[PDB]
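Residue-level structure breakdown
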Amino acid sequence: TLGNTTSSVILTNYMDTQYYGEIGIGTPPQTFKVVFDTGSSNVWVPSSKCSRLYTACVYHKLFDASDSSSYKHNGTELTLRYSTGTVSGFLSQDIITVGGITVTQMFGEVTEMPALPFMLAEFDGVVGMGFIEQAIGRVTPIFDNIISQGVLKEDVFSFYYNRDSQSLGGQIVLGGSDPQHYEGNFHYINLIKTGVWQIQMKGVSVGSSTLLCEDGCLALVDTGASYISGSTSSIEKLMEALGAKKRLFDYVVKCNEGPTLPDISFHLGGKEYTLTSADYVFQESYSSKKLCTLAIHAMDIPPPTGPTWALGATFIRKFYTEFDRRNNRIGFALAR
Ligand SMILES: COCCCOc1cc(C(=O)N(C[C@@H]2CNC[C@H]2NS(=O)(=O)c2ccc(C)cc2)C(C)C)ccc1OC
Ligand SMILES: *[C@@H]1O[C@H](CO)[C@@H](O)[C@H](O)[C@H]1NC(C)=O
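Within the protein chain, the regular secondary structure consists of six helices and 24 strands. Since a compact globule built from 336 residues should have a radius of gyration of about 20 Å, the 20 Å found for the protein chain is in line with a globular shape. Considered along the principal axes of its C-alpha atoms, the protein chain spans approximately 60 × 45 × 40 Å.

Set out below in structure tokens:
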């Protein structure tokens, strides 16, 4: 069922690495800073039942079911494994408010939240924008519950991630796209299969020559990821081609050599999606005596999804993204 409504959620941009908006859970609503993540399908927030020996829970907003009159008990255990860490807790149901839309949703109340990486998180939880196929415990994703209401103009949602400034951090539009944040026309790539926001990639070039993904590869379009990521192997080759040094969790260049780095192009569908060094280098200075982090890192995503590349905030900043559930495709347009 299609309606005549679009809703939008204003996002906060924290240092070009984290983008999140707010949702309200319960009656009266308890507000949470959440990441709208196309790379996951579950809704979760920290729980009041999280042991205060997990320091992450002392530093985040906790959902208290005892303060919500609309809460429905469930209790089923839930473990969510990310390539960055793990969270576990139990399932609960309540009313969730997302940019005007009110929806009865099943979500995870996280009771185990490791300091790495959640003490570094500015957000409290996640709103999974993925498909039911990848939903842990086969829980209906929030977008599927919003479609069911038959209120949205289109069975799509789109992302705008701005470059850091005190301006608009970003924007998610549910039910459409916002022409104020893109120019030109959308170029669509069909999903390899329904169930994952993953498209075929046919080459990654450093400069003029296609040095990587020559015989094709996968590209997960991940709104919950900060960077463009590849497998340890691909990133090693890419970084050698750029002249970057490996550290513990990132790659660096001498700050003075950042602007001189070659363009990186991603071959997706029809078009070549080019990022210049200004789009992937955290150019904090131009000093020959300082190191500058790159917005590309290695991430070994496990099968069946991985091995795959992931196009995170680094990519979405340059390219406004529309996620089309009706046609199982992803559209890209140059962001304004
Ligand atoms: C862009 O701003 C978003 C905020 C970035 O900051 C952070 C993000 C995180 C983070 O890793 N995630 C989860 C990842 C984002 N998509 C899903 C998952 N990627 S994954 O490769 O494991 C994966 C992909 C696909 C499948 C099927 C399975 C596994 C968030 C959303 C919990 C952690 C700490 C952060 O900061 C301290
Ligand atoms: C929890 O919710 C699921 C639906 O996601 C349901 O099938 C299950 O029976 C519920 N469990 C309890 C104990 O209420």
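A word on the UniProt feature "disulfide bond" in the protein chain. A sulfur-sulfur distance of 2.0 Å is found between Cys50 and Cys57, whose disulfide is recorded in UniProt, and that is short enough to count the bridge as formed. Looking at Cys50, the relative accessible area reads 2%, which means it is buried. The class for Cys57 is buried, based on a relative accessible area of 2%. For the UniProt disulfide linking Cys213 and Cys217, the S-S separation comes out at 2.0 Å, below the 2.5 Å cut-off, so the bridge is there in this model. For the residue pair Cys213 and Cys217, the accessibility class agrees, reading buried in each case.

So, on to the pattern of salt bridges. For side chains of opposite charge, pairing can occur when their charged atoms come near one another. For the structure on display, the rule yields nine salt bridges. Where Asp144 meets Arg325, a salt bridge forms, and the shortest distance between an N and an O atom there is 2.8 Å. Taken individually, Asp144 and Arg325 each receive the classification buried, so the pair is uniform in this respect. Put simply, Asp324 and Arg329 hold a salt bridge, and the shortest N to O gap is 2.9 Å. By relative accessible area, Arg329 is classed as partly exposed at 23%. Here the salt bridges do not stand alone but share partners, grouping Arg163, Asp279 and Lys318 into one network.

Among the residues of helix α4 (residues 232–242), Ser234, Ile235, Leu238, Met239 and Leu242 are the ones counted as buried. With its buried residues spanning 125 degrees around the axis, α4 presents them on a single face. A positive backbone phi angle near 90 degrees is found at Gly243, which sits one or two residues after α4.

Summarising the element assignment, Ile10 is placed in strand β1 (residues 7–14). A relative accessible area of 54% places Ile10 in the exposed class. For the pair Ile10 and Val98, spaced 88 residues apart in sequence, the C-alpha to C-alpha distance is 10 Å. Not counting residues within four places of it along the chain, the set of residues in contact with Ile10 comprises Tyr20, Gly21, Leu168 and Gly170.

Attention shifts here to the site of ligand 1. Neighbouring ligand 1 are 23 residues; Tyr19, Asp37, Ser83, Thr84 and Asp222 lie closest to it. Within the side chain of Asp37, one N or O atom sits 2.7 Å away from a nitrogen atom of ligand 1. A distance of 2.8 Å separates an oxygen atom of ligand 1 from a polar atom in the side chain of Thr84. About the coverage of ligand 1: the protein hides 90% of its 810 Å² of free accessible area. Those elements that place two or more of their residues in the shell around ligand 1 are β2 (18–25) and β3 (30–37). Of the residues that make up the shell around ligand 1, three or more belong to each of domain 1 (6–177) and domain 2 (178–335).

This next bit is on the packing of aromatic side chains. One pass over the structure, following the stated rule, counts 23 aromatic pairs. Between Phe159 and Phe323, the aromatic rings sit 5.8 Å apart at their centres with planes inclined by 85 degrees, giving edge-to-face as the arrangement. For the pair shown, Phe159 and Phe323 are each scored as buried. Measuring from centroid to centroid gives 5.9 Å for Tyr273 and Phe315, while their planes differ by 55 degrees, and the two rings are tilted. A residue pair is termed long-range when its members are at least 10 positions apart, and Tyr273 in strand β19 (residues 272–275) and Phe315 in helix α6 (residues 313–318) qualify at 42 residues. A residue is classified by how much of its surface remains accessible, and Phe315, at 0% relative accessible area, is buried. Site record: aromatic cluster; members linked through ring pairs are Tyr19, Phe131, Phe143, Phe157, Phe159, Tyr161, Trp197 and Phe323. The ring of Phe32 carries the charged tip of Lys61 above its face, separated from the ring centre by 5.9 Å.

Attention now goes to the UniProt feature "active site" in the protein chain. Mapped onto the present numbering, the UniProt feature "active site" falls at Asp37 and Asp222. On the secondary structure map, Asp37 appears in strand β3. In this view, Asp37 contacts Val126, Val127, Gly128, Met129, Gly130, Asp222, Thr223 and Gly224; residues no more than four positions away in its chain are not counted. Residue classification places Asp222 among the buried residues on the basis of a relative accessible area of 12%. Setting aside its immediate chain neighbours within four residues, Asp222 contacts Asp37, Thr38, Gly39, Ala310, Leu311, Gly312, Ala313 and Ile316.

Quick notes on the rules
Residues numbered from 1 in each chain as written, not as in the entry; some residues may be left out. Chains lettered and ligands numbered in written order. Heavy atoms only, no water. Residues with missing side-chain atoms left out of burial classes, pairs and counts. Helix = DSSP H or I, 4+ residues; strand = E, 2+ residues; numbered from the N terminus. Rg over C-alpha atoms; globule rule 2.2 N^0.38 Å. Disulfide = S-S within 2.5 Å. UniProt positions renumbered as here; feature names shortened; annotations may be inferred. Buried < 20%, exposed > 50% of the residue type's maximum accessible area, 1.4 Å probe, protein only. Salt bridge = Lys/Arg side-chain N within 4 Å of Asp/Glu carboxyl O. Arc of directions from axis to C-beta. Contact = heavy atoms within 4.5 Å. Near = heavy atom within 4 Å. Polar contact = N/O pair within 3.5 Å; in protein donor to acceptor, adjacent residues only side chain to side chain. Areas by Shrake-Rupley, 256 points an atom, 1.4 Å probe, with all protein chains shown as cover. Domains from an automatic or database assignment. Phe/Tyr/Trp six-rings, centres within 6.5 Å; stacked < 30°, edge-to-face > 60°. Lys NZ or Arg CZ within 6 Å of the ring centre and 35° of its normal.

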